[PDB]
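Only one structure is covered here, and it is reproduced in the block below.
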Amino acid sequence: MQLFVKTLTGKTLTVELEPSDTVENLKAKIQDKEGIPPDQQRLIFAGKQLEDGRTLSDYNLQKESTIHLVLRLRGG
């Protein structure tokens, strides 16, 4: 399926990932397209941050959704 992603620039991205895939994989796509490190991408879908190792189907990702990708902010 397709998934829409946005950053701190308002740029919308389009990637192809299955509900079986895991966050880790998603990050890989962000690296193969935008070239951004996995730990440098904060996916806050619906307000919740995706954990590296969980499957899209383990959260609630539907066909063509929207996620806010923010850079890791100081702290931890």
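Neighbour counts run over all protein chains shown; Cβ positions are idealised from the backbone, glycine included. No value in this document is a laboratory result; all are computed from the given coordinates.
Output the residue which, of all residues in region 9-42 that are within 13 Å of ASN60 (Cα to Cα) and not polar (S, T, N, Q), is surrounded by the most Cβ atoms within 10 Å (Cβ to Cβ). Full working, then the answer.
Step one: filter region 9-42 for residues within 13 Å of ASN60 (Cα to Cα), giving 18-23.
If we keep only those that are not polar (S, T, N, Q) too, we end up with 18-19, 21, 23.
Values: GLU18: 11, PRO19: 14, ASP21: 19, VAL23: 21.
Looking at residues that are within 13 Å of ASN60 (Cα to Cα) and not polar (S, T, N, Q), I get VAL23.
Looking at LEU56, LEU13 in this structure, which one is within 11 Å of the chain's Cα centre (by Cα) and within 12 Å of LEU69 (Cβ to Cβ)?
On the way: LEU56 fails: within 12 Å of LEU69 (Cβ to Cβ).
The match here is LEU13.
Can you pull out the residues in region 48-67 that are part of a loop (DSSP other than H, G, I, E, B) and over 23 Å from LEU8 (Cβ atoms)?
Residues of region 48-67 that are part of a loop (DSSP other than H, G, I, E, B), as a first pass: 50-54, 59-65.
Hits for region 48-67 are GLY53, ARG54, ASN60, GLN62, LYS63.
Taking into account only those residues within region 49-76 that are surrounded by 11 or more Cβ atoms within 10 Å (Cβ to Cβ) and either touching a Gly at 6+ places or on another chain (Cβ under 6 Å) or among the basic types (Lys, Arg) (or both), which is farthest from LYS6 (Cα to Cα)?
Of everything passing the filter in region 49-76, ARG54 is farthest from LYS6 (Cα to Cα).
Which ones in region 37-47 are assigned to a loop (DSSP other than H, G, I, E, B) and over 13 Å from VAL70 (Cβ atoms)? Give the steps one after another, and end with the answer.
First pass over region 37-47, keeping only residues assigned to a loop (DSSP other than H, G, I, E, B): 37, 41, 46-47.
Within region 37-47, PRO37, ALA46 qualify.
Results for (1) hydrophobic (A, V, I, L, M, F, W, C); (2) in a strand (DSSP E or B); (3) in contact with a helix residue (DSSP H, G or I) (Cβ under 8 Å, 6 or more places away or on another chain), shown as yes or no for each residue.
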residue: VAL5; (1), (2), (3): yes, yes, yes
residue: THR14; (1), (2), (3): no, yes, no
residue: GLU18; (1), (2), (3): no, no, yes
residue: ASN25; (1), (2), (3): no, no, no
residue: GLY35; (1), (2), (3): no, no, no
